[PDB]
>>> print(open('run.txt').read())   # compact mmCIF, C-alpha atoms
# COMPACT_ATOMS: atom_id res chain seq x y z
CA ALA A 1 -88.05 42.86 -103.74
CA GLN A 2 -86.82 44.70 -100.67
CA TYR A 3 -84.88 41.65 -99.53
CA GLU A 4 -83.13 39.87 -102.40
CA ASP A 5 -80.91 36.83 -102.38
CA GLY A 6 -77.38 38.04 -103.02
CA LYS A 7 -78.00 41.31 -101.23
CA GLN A 8 -78.78 41.05 -97.52
CA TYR A 9 -78.27 37.32 -97.62
CA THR A 10 -77.21 34.48 -99.91
CA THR A 11 -78.80 31.03 -100.26
CA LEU A 12 -76.93 27.77 -99.75
CA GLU A 13 -76.45 25.56 -102.80
CA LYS A 14 -76.46 22.77 -100.29
CA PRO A 15 -79.22 23.17 -97.71
CA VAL A 16 -78.43 21.80 -94.27
CA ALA A 17 -81.21 19.65 -92.85
CA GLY A 18 -81.96 19.63 -89.11
CA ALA A 19 -79.80 22.71 -88.56
CA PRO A 20 -80.34 25.05 -85.59
CA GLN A 21 -82.88 27.74 -86.37
CA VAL A 22 -80.37 30.52 -85.82
CA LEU A 23 -76.73 29.48 -86.05
CA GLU A 24 -73.84 31.86 -85.45
CA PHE A 25 -70.05 31.28 -85.91
CA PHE A 26 -67.21 33.29 -84.48
CA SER A 27 -63.59 33.27 -83.33
CA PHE A 28 -62.02 35.15 -80.45
CA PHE A 29 -59.29 36.00 -83.00
CA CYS A 30 -61.84 37.46 -85.44
CA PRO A 31 -61.68 41.29 -85.32
CA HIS A 32 -65.23 41.85 -86.68
CA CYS A 33 -66.47 39.32 -84.14
CA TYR A 34 -65.07 41.58 -81.48
CA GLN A 35 -67.04 44.47 -82.95
CA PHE A 36 -70.07 42.16 -83.32
CA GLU A 37 -69.91 41.30 -79.66
CA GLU A 38 -68.48 44.42 -77.96
CA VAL A 39 -69.72 47.39 -80.03
CA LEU A 40 -72.73 46.03 -81.90
CA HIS A 41 -74.30 43.37 -79.63
CA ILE A 42 -75.66 41.65 -82.75
CA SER A 43 -76.70 38.39 -81.06
CA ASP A 44 -78.66 40.32 -78.49
CA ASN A 45 -80.43 42.59 -80.91
CA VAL A 46 -81.29 39.63 -83.12
CA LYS A 47 -82.79 37.71 -80.19
CA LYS A 48 -84.84 40.82 -79.31
CA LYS A 49 -86.51 40.67 -82.73
CA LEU A 50 -86.76 36.92 -83.03
CA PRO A 51 -90.22 35.41 -82.54
CA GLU A 52 -91.86 32.69 -80.63
CA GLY A 53 -90.21 29.28 -80.20
CA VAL A 54 -86.86 30.09 -81.78
CA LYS A 55 -83.56 29.11 -80.26
CA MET A 56 -80.23 30.72 -80.83
CA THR A 57 -76.91 28.88 -81.23
CA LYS A 58 -73.38 30.31 -81.22
CA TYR A 59 -70.26 28.27 -82.07
CA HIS A 60 -66.49 28.88 -82.16
CA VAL A 61 -64.23 27.85 -85.06
CA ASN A 62 -60.76 26.37 -85.47
CA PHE A 63 -59.47 27.97 -88.67
CA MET A 64 -58.03 31.03 -86.90
CA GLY A 65 -55.08 31.24 -84.51
CA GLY A 66 -53.67 27.73 -84.84
CA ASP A 67 -53.24 25.78 -81.60
CA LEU A 68 -54.81 28.50 -79.45
CA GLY A 69 -57.75 28.61 -81.82
CA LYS A 70 -58.46 24.95 -81.11
CA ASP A 71 -58.01 25.45 -77.36
CA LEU A 72 -60.44 28.31 -77.63
CA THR A 73 -63.00 26.00 -79.26
CA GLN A 74 -62.65 23.45 -76.46
CA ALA A 75 -62.97 26.36 -73.93
CA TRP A 76 -66.11 27.58 -75.61
CA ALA A 77 -67.50 24.04 -75.31
CA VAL A 78 -66.70 24.25 -71.55
CA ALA A 79 -68.46 27.61 -71.43
CA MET A 80 -71.53 26.09 -73.12
CA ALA A 81 -71.53 23.02 -70.88
CA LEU A 82 -71.33 25.16 -67.70
CA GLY A 83 -73.63 27.91 -68.98
CA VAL A 84 -71.02 30.62 -68.41
CA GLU A 85 -70.92 32.11 -71.95
CA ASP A 86 -72.00 35.52 -70.74
CA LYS A 87 -69.30 35.66 -68.09
CA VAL A 88 -66.32 34.82 -70.30
CA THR A 89 -67.13 36.17 -73.78
CA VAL A 90 -65.81 39.65 -73.06
CA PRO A 91 -62.67 38.69 -71.09
CA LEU A 92 -61.71 36.17 -73.80
CA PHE A 93 -62.14 38.71 -76.60
CA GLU A 94 -60.22 41.33 -74.65
CA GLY A 95 -57.53 38.88 -73.57
CA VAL A 96 -56.95 37.73 -77.19
CA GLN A 97 -57.31 41.06 -79.04
CA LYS A 98 -56.99 43.99 -76.58
CA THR A 99 -54.58 43.19 -73.74
CA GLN A 100 -52.94 40.14 -75.38
CA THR A 101 -52.72 38.16 -72.17
CA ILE A 102 -54.05 34.96 -73.63
CA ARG A 103 -51.17 32.98 -75.06
CA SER A 104 -51.82 29.38 -73.94
CA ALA A 105 -54.48 27.09 -72.49
CA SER A 106 -53.54 28.10 -68.96
CA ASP A 107 -54.26 31.73 -69.72
CA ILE A 108 -57.66 30.76 -71.15
CA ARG A 109 -58.23 28.92 -67.88
CA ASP A 110 -57.25 32.04 -65.83
CA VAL A 111 -60.15 33.92 -67.48
CA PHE A 112 -62.66 31.29 -66.20
CA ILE A 113 -61.05 31.31 -62.68
CA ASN A 114 -61.19 35.09 -62.62
CA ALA A 115 -64.84 34.86 -63.63
CA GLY A 116 -65.41 32.57 -60.69
CA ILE A 117 -65.76 29.06 -62.15
CA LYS A 118 -63.81 26.75 -59.84
CA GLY A 119 -60.59 25.08 -60.93
CA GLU A 120 -61.86 21.57 -60.28
CA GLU A 121 -65.04 22.39 -62.13
CA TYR A 122 -63.21 23.82 -65.12
CA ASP A 123 -60.62 21.05 -65.34
CA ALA A 124 -63.33 18.40 -65.02
CA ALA A 125 -65.47 20.06 -67.72
CA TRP A 126 -62.40 20.60 -69.93
CA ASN A 127 -61.66 16.84 -69.86
CA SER A 128 -65.22 15.56 -69.93
CA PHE A 129 -66.56 13.55 -72.90
CA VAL A 130 -69.59 15.80 -72.82
CA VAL A 131 -67.27 18.64 -73.79
CA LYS A 132 -65.70 16.37 -76.43
CA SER A 133 -69.07 15.78 -78.15
CA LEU A 134 -69.77 19.53 -77.89
CA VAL A 135 -66.44 20.25 -79.63
CA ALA A 136 -67.43 17.77 -82.36
CA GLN A 137 -70.78 19.51 -82.75
CA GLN A 138 -69.09 22.85 -83.38
CA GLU A 139 -66.77 21.29 -85.90
CA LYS A 140 -69.55 19.36 -87.58
CA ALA A 141 -71.82 22.44 -87.89
CA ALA A 142 -68.97 24.39 -89.54
CA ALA A 143 -68.25 21.55 -91.96
CA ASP A 144 -71.97 21.28 -92.83
CA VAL A 145 -71.72 24.70 -94.44
CA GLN A 146 -68.23 25.04 -96.00
CA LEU A 147 -67.24 27.70 -93.51
CA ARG A 148 -64.08 29.70 -94.32
CA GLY A 149 -65.12 32.96 -92.72
CA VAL A 150 -66.47 34.50 -89.56
CA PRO A 151 -68.55 36.20 -88.38
CA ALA A 152 -71.30 34.20 -89.99
CA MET A 153 -74.93 33.54 -89.32
CA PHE A 154 -77.08 30.88 -90.93
CA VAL A 155 -80.83 30.66 -90.67
CA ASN A 156 -82.50 27.22 -90.77
CA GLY A 157 -79.45 25.84 -92.56
CA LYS A 158 -80.69 27.59 -95.67
CA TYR A 159 -79.74 31.28 -95.60
CA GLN A 160 -76.56 33.13 -94.79
CA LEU A 161 -76.47 36.74 -93.70
CA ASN A 162 -74.58 39.09 -95.97
CA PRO A 163 -73.53 42.13 -93.95
CA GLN A 164 -71.21 43.51 -96.65
CA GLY A 165 -74.47 44.45 -98.43
CA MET A 166 -75.90 46.66 -95.61
CA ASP A 167 -75.15 50.38 -94.93
CA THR A 168 -72.38 50.92 -92.37
CA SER A 169 -72.51 54.69 -91.96
CA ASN A 170 -74.58 54.26 -88.83
CA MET A 171 -73.86 51.39 -86.50
CA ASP A 172 -77.35 51.29 -85.03
CA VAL A 173 -78.93 51.24 -88.47
CA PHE A 174 -76.61 48.39 -89.44
CA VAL A 175 -77.73 46.30 -86.46
CA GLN A 176 -81.46 46.80 -86.95
CA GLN A 177 -81.07 46.05 -90.63
CA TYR A 178 -79.13 42.96 -89.71
CA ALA A 179 -81.65 41.89 -87.12
CA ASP A 180 -84.68 42.68 -89.29
CA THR A 181 -83.07 40.56 -91.98
CA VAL A 182 -82.71 37.59 -89.66
CA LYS A 183 -86.35 38.12 -88.79
CA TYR A 184 -87.40 38.17 -92.46
CA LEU A 185 -85.28 35.07 -93.10
CA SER A 186 -86.88 33.37 -90.15
CA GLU A 187 -90.45 33.86 -91.40
CA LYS A 188 -89.45 32.59 -94.82
>>> encode(input="run.txt", output="structure tokens")
Amino acid sequence: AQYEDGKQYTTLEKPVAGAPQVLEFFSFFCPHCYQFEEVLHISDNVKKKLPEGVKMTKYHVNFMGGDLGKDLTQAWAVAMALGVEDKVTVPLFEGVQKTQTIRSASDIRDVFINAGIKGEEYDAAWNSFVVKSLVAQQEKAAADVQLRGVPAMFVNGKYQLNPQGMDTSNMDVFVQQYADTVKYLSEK
């Protein structure tokens, strides 16, 4: 076939019922994630080729960067709760990996203040039980699939993208191949 299990994707031994149609995992400590977000715009190019009726989910993970990693996962919950993902994704990535100005919770908070979310609003979100359940969701989705590496994308809880089996000589070709794959997997 043109798309074979074990080549552009792998299939879960342990299918995950009720999973989000398109489920993506990342860490602000994850260097490829930085590329995936900053250079490649994977999520965006996937969305642009996804069909009718299909929602896209992106979660943060704990297994990188110790205590800050966990803080970052609570902060991403805050970002999801407030709908400010698109205003913090870049400053968080750049603050962790480029400038290295994120070293504690307070620094994570500075990024949201600088992006214009209000202190009160952030601190309330940060401490809200809605954010708690949203942290649990992220953890539970990771656990549902045995996740030990990011970046990672899962389609319908059944298929996992395998970018190591796609040509990387051309970044644009890699993205379309990646996105077309998600599209194939989605129609499956």
>>> closest_residue(input="run.txt", among="A:51, A:82, A:180, A:8", to="residue A:130", atoms="only C-alpha atoms")
A:82
>>> residues_around(input="run.txt", residues="residue A:6", least_positions_apart="2", cutoff="12 Å", atoms="all atoms listed in the file", output="MDAnalysis selection string")
chainID A and resid 1:4 8:12 159:166
>>> write_last_selection(input="run.txt", atoms="C-alpha atoms", output="PDB file, in the coordinates of the input")
ATOM      1  CA  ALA A   1     -88.050  42.860-103.740  1.00  0.00           C
ATOM      2  CA  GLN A   2     -86.820  44.700-100.670  1.00  0.00           C
ATOM      3  CA  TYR A   3     -84.880  41.650 -99.530  1.00  0.00           C
ATOM      4  CA  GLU A   4     -83.130  39.870-102.400  1.00  0.00           C
ATOM      5  CA  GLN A   8     -78.780  41.050 -97.520  1.00  0.00           C
ATOM      6  CA  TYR A   9     -78.270  37.320 -97.620  1.00  0.00           C
ATOM      7  CA  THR A  10     -77.210  34.480 -99.910  1.00  0.00           C
ATOM      8  CA  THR A  11     -78.800  31.030-100.260  1.00  0.00           C
ATOM      9  CA  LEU A  12     -76.930  27.770 -99.750  1.00  0.00           C
ATOM     10  CA  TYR A 159     -79.740  31.280 -95.600  1.00  0.00           C
ATOM     11  CA  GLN A 160     -76.560  33.130 -94.790  1.00  0.00           C
ATOM     12  CA  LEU A 161     -76.470  36.740 -93.700  1.00  0.00           C
ATOM     13  CA  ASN A 162     -74.580  39.090 -95.970  1.00  0.00           C
ATOM     14  CA  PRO A 163     -73.530  42.130 -93.950  1.00  0.00           C
ATOM     15  CA  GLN A 164     -71.210  43.510 -96.650  1.00  0.00           C
ATOM     16  CA  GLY A 165     -74.470  44.450 -98.430  1.00  0.00           C
ATOM     17  CA  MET A 166     -75.900  46.660 -95.610  1.00  0.00           C
TER      18      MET A 166
END
>>> residues_near_point(input="run.txt", point="(-82.9, 38.4, -83.5)", cutoff="10 Å", atoms="all atoms listed in the file", output="number ranges by chain")
A: 22, 42-51, 54-56, 175-176, 178-183, 186
>>> closest_residue(input="run.txt", among="A:33, A:84, A:171, A:17", to="residue A:118", atoms="only C-alpha atoms")
A:84
>>> closest_residue(input="run.txt", among="A:114, A:35, A:100, A:21", to="residue A:87", atoms="only C-alpha atoms")
A:114
>>> residues_around(input="run.txt", residues="residue A:112", least_positions_apart="2", cutoff="9 Å", atoms="all atoms listed in the file", output="ChimeraX atom specification")
/A:79,84,87-88,91,108-110,114-119,122
>>> closest_residue(input="run.txt", among="A:74, A:156, A:169, A:62", to="residue A:127", atoms="only C-alpha atoms")
A:74
>>> residues_near_point(input="run.txt", point="(-68.8, 29.7, -90.0)", cutoff="10 Å", atoms="only C-alpha atoms", output="NGL selection string")
:A and (23-27 or 58-63 or 138-139 or 141-154 or 160)
>>> decode(input="run.txt", residues="stretch 138-156 of chain A", atoms="N, CA, C and O atoms", output="compact mmCIF listing (two decimals), in the first residue's frame")
# COMPACT_ATOMS: atom_id res chain seq x y z
N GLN A 138 -5.48 15.82 30.84
CA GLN A 138 -4.19 15.74 30.16
C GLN A 138 -3.39 14.56 30.63
O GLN A 138 -2.75 13.89 29.83
N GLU A 139 -3.38 14.34 31.94
CA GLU A 139 -2.66 13.21 32.48
C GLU A 139 -3.35 11.91 32.06
O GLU A 139 -2.70 10.95 31.61
N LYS A 140 -4.67 11.88 32.17
CA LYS A 140 -5.37 10.66 31.84
C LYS A 140 -5.18 10.29 30.34
O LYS A 140 -4.92 9.13 30.02
N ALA A 141 -5.29 11.27 29.44
CA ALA A 141 -5.09 10.99 28.02
C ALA A 141 -3.69 10.43 27.74
O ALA A 141 -3.54 9.54 26.91
N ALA A 142 -2.67 10.94 28.41
CA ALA A 142 -1.32 10.42 28.23
C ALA A 142 -1.25 8.96 28.70
O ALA A 142 -0.75 8.09 28.00
N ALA A 143 -1.80 8.71 29.88
CA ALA A 143 -1.77 7.37 30.46
C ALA A 143 -2.54 6.36 29.59
O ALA A 143 -2.13 5.22 29.46
N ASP A 144 -3.63 6.81 28.97
CA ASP A 144 -4.41 5.96 28.08
C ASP A 144 -3.60 5.36 26.93
O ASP A 144 -3.97 4.34 26.37
N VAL A 145 -2.51 6.01 26.57
CA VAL A 145 -1.69 5.50 25.49
C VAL A 145 -0.20 5.25 25.82
O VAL A 145 0.60 5.20 24.88
N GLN A 146 0.21 5.10 27.10
CA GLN A 146 1.57 4.62 27.33
C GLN A 146 2.61 5.64 26.85
O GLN A 146 3.68 5.27 26.28
N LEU A 147 2.32 6.92 27.00
CA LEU A 147 3.16 7.91 26.37
C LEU A 147 4.48 8.14 27.08
O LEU A 147 4.50 8.59 28.24
N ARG A 148 5.59 7.90 26.35
CA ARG A 148 6.93 8.18 26.86
C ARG A 148 7.66 9.13 25.90
O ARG A 148 8.85 9.43 26.09
N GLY A 149 6.98 9.59 24.86
CA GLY A 149 7.65 10.54 23.99
C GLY A 149 6.75 11.53 23.31
O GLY A 149 5.62 11.24 22.92
N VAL A 150 7.28 12.73 23.15
CA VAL A 150 6.63 13.80 22.42
C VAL A 150 7.64 14.35 21.43
O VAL A 150 8.82 14.21 21.66
N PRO A 151 7.18 14.95 20.32
CA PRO A 151 5.77 15.14 19.95
C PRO A 151 5.08 13.85 19.57
O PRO A 151 5.73 12.86 19.25
N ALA A 152 3.76 13.85 19.63
CA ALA A 152 3.01 12.64 19.39
C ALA A 152 1.65 13.10 19.00
O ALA A 152 1.13 14.09 19.51
N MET A 153 1.10 12.38 18.02
CA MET A 153 -0.26 12.57 17.57
C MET A 153 -0.94 11.22 17.47
O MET A 153 -0.33 10.24 17.01
N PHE A 154 -2.18 11.16 17.92
CA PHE A 154 -2.98 9.95 17.89
C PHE A 154 -4.25 10.29 17.19
O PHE A 154 -4.79 11.38 17.40
N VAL A 155 -4.71 9.40 16.33
CA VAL A 155 -5.96 9.62 15.61
C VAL A 155 -7.04 8.61 16.01
O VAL A 155 -6.86 7.40 15.81
N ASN A 156 -8.14 9.11 16.57
CA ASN A 156 -9.23 8.26 17.04
C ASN A 156 -8.81 7.20 18.05
O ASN A 156 -9.36 6.10 18.09
